[PDB]
């Protein structure tokens, strides 16, 4: 077989590549990723985020629901992710529907963060206009005295999302410019509907094929 893969379960293939990036001393945050969202009407936006957990259920991350990305996901729950590991000449793309994580789950995660991080989430109405940087500094100092020795409650607007993967591409750059692209997508006729000459069977309902660079 081999098209240079560890697993035919894309999530398990991601785990192998992720571990390698984590293993690499030249990569600062291997879980740093770019999240692409858009309005229903077709207006895209994108920003860096940190992946906070992954498994069969999907890719998890946290943000403020009232942020610009949050308003977009809530009105049009679809997203794409891009992981780029320059020292490895690798790129991973993930496409799928997104779902809000349960409250208690966000709670547990929220209180596992360092206190200063929790307090930061309470001061900032993420992406709303503010007058200046001093406004943040003042509000932050005041909330630190309010919560001295106290537990910081999670804002109602703060939480997580999990993106269930429908498409996952592994891009491996090559000096000759003929990059390797192996893309997985979930098939509809799973059970046994043999497909195209160039389409292969992956684990579960996953199908994979090579894409020209």
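Positions refer to the first chain, counted from 1.
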Greater mean Cα temperature factor according to the PDB record, 83 to 91 or 109 to 117: 109 to 117
- request: Tell me which of 35 to 43 and 181 to 189 has the higher mean C-alpha B-factor in the deposited entry.
  value: 181 to 189
query: Within this chain, which third does the Cα B-factor at residue 55 fall in: lowest, middle or highest?
result: highest
Residue 136 - which third its CA temperature factor falls in, relative to the rest of the chain: highest
statement: Of the three thirds of the chain ranked by Cα temperature factor, residue 29 occupies the middle
- line: Entry-reported C-alpha B-factor of residue 66 relative to its chain, by third, is middle
field: Ranked C-alpha temperature factor of residue 19 among modelled chain residues, by third
entry: middle
